[PDB]
There are 2 protein chains.
Amino acid sequence: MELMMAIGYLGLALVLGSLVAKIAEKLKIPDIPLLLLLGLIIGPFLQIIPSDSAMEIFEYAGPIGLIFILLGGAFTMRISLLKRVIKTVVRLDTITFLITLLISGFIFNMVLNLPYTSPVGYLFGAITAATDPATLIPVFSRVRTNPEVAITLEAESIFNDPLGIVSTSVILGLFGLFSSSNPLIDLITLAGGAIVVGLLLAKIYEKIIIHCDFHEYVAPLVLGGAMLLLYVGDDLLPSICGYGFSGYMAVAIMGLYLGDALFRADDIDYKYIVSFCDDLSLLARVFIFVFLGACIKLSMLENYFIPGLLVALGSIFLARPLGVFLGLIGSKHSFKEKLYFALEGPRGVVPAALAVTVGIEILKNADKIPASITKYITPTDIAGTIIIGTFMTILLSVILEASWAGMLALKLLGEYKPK
Amino acid sequence: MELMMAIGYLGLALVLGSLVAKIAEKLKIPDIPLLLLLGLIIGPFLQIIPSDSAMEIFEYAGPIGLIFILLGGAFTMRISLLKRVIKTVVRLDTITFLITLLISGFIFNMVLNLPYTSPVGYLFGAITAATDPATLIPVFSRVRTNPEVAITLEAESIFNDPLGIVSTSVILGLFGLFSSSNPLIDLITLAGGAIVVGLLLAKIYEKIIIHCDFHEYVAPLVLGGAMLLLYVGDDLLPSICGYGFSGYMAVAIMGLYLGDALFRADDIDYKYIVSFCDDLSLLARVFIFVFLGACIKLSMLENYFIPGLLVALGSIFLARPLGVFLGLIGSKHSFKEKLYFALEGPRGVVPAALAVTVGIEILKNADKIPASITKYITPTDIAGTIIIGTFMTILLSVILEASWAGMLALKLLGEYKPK
């Protein structure tokens, strides 16, 4: 665990990563594939980090990294704003999200030939359903859409954030359950709890900021404040109850409300935040993608390469696209938004940790207690697949979206000519 | 080691600390005493953290924290610039520094009544001699001196940085030695090595930055690059040789050269760096002072309260002031610079870690192997004292300097009337 090694490797990551990111900025190309390639080079190719070690580092670093990008993603944008294309945004985001997860459960189960009740398939499907913004919707969205869509993508992103947790709970229930007591209270408690206290601080922050003085001192407040939300949510309240409120959704809600409350007010106290959050959110994303890669255990992969690839294509081309086409149908229009609903595959911040976290949770405790469910299916490959599918999942979703985003941003000027 | 607790406590530190720092900015008062008071409140008073735990966290966090403030301190200023009052600055900084350490060795030994050859006293004296800038010379120096003195204070700060390490080596030699092989190569190897590679990157950085493109991407480069310097210096090269170059002096030299090389060139690529480094350097200093406090083991303190207090007064009033008065004597002038040489007691970033690091190193390995030197003196109190003396040391040096800095900045306009 030698510290000097940790700061050394972290140093190499910052030095090489900053340079590569800058080259990308002067190259137009989007970060993510370059981040993954770097992850391979310092990963399998040069053998600079193994699986066990990568996962061990990630157990500590990941929550810190995740708090960074969630905070960075929130501040790089706003709210109020969101309420005009919003009917489509909420119906499509919520209803199409649940349907996509359902689609994910079924194909993943069938391709393996494993039983439908079996939970591994439904987990894989659950991972596909989750979106993640923060790595790519905010990074391309620095520059305009300018219509509806940027706000929605943010909303979709965050909207899931209340969804990804719900999906994780569902996956926990059916793949066997550590606790069978609630299939419903946990949904309430996490979302509702995160909403209440998040609004509590956003309101508190709203008043305290407007009355005075920090300005500048507002940054430690949320960064420590967000930190407390995790401690209260996933450690303190489960300890004192088994009753927790999560934390992640709670900080998401706080950022969502607070950004709007700040922006809504106007005045001198807004410029600076966009640049600061963009710079901050960059280091974490570079580090997270590579560290997300290194967290996975070393040797994944040979057996489940083909299925995960096949599962991925179903999510990108069938589940995603059917979702948008069957979730927007009442639109105008068109041929620009419904297609956007399709192609999904942006999330990768949530499900990633959850994929790996579930992987260690079931695989390690397997010998000690694997709820005796889906053992002979056999899971060994469930844990293995999820990670590649998400990898593959990021790469192809990220690569394709990055390649056609400009074409789908301007090329689709809606051809609306009113005179 | 539960992560959620770590990010939770860290979160509380950021939230409360940012607010307190902002209040201070709107209050004029200087951070440091407030940081120490907070450290007490979450320390002994409320029992939020113990010694063992605080030191355990500090072993990991401290090198990360130390890299932050060293980098922040460098960028908040420049170089080239330093070369006009510089004769006084180098003679006073170097020659008065060694003399101060010598003074520290003697009084500390005598007050205990322990033997002069005995190394514990010379360690205590060594700790007094070390200065540390970064926490208070840069923080007050955001606003002008405007003469000579700000540049010197920076130089004194950094100049020691090559000195604090030398002092630590000297302390290691005489308080018993793990290795008796070199009392001279280590001085060369650390300083010389840090100089060479530091200049290597500063030159490399100088060319690569001027030719292109990062701008913004220069921040990861040094932050990872600085990280590698620690790994190469205090882990890799000692492992592959027993031959190390430190790292800290090396990153200090790199920052010193690079800041000047960047500033010397001029052009659009300088604004932004001052604000960025100031903001970055703040979080670390708040966290470092409180975390420096929490690193020390719980129960220090009752036996050696009085001596450390007495040792402190000798350093502040006798060793410091004799040093400046006997180190400047050839000045003009006057009654404004010689007095500044006196009052010392600003350092607290280096000796702190070194104080605690030596404390664990000798106290823990004592039963296993305490080089059998100064055991019956007895050390138990050496380790205990150093920490309080440095605490006391920061508080009184920081409090007094902060109180009279304005008076000594303008009140001493040199009364120079040339016509």
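In case you wondered, yes, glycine gets a Cβ from its N, Cα and C as well.
What Swiss-Prot records for B:1-21, B:29-49, B:57-77, B:95-115, B:120-140, B:158-178, B:184-204, B:208-228, B:236-256, B:286-306, B:309-329, B:382-402 is transmembrane segment.
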Contact set, same chain, for the transmembrane segment (B:184-204): CB under 8 Å, 6 or more residues outside the stretch: 162, 165-166, 169, 225, 229, 232-233, 243-254, 256-258, 261
Tertiary contacts of the transmembrane segment (B:95-115) (same chain, 6+ residues out, Cβ under 8 Å): 121-122, 124-129, 131, 159-160, 163, 167, 170, 307, 310-311, 314-315, 318-320, 322-324, 326-327, 341, 344, 374, 377, 381
Cβ pairs under 8 Å between the transmembrane segment (B:1-21) and the transmembrane segment (B:208-228), at least three: no
Residues of the parent chain within Cβ reach of the transmembrane segment (B:382-402), under 8 Å, 6 or more residues beyond its termini: 29-30, 32-33, 36, 120, 123-124, 127-128, 135-136, 140, 289, 293, 296, 300-301, 303-305, 307-309, 311-312, 315-316, 343-346, 348, 351-352, 355-356, 358-359, 362-363, 374
Recorded stretches the transmembrane segment (B:120-140) and the transmembrane segment (B:208-228) touching, at least 3 CB pairs under 8 Å: no
Distant-in-sequence neighbours of the transmembrane segment (B:57-77), which means Cβ under 8 A and at least six residues beyond its ends: 6, 49, 133-135, 138, 141-142, 150-151, 154, 157-158, 161, 222-223, 226-227, 230, 248, 251-252, 255-256, 258-259, 273-274, 276-278, 280-285, 287-288, 291-292, 294-295, 349, 353, 356
Seg_contact(the transmembrane segment (B:236-256), the transmembrane segment (B:286-306)) with at least 3 CB pairs under 8 angstroms, min sep 6: no
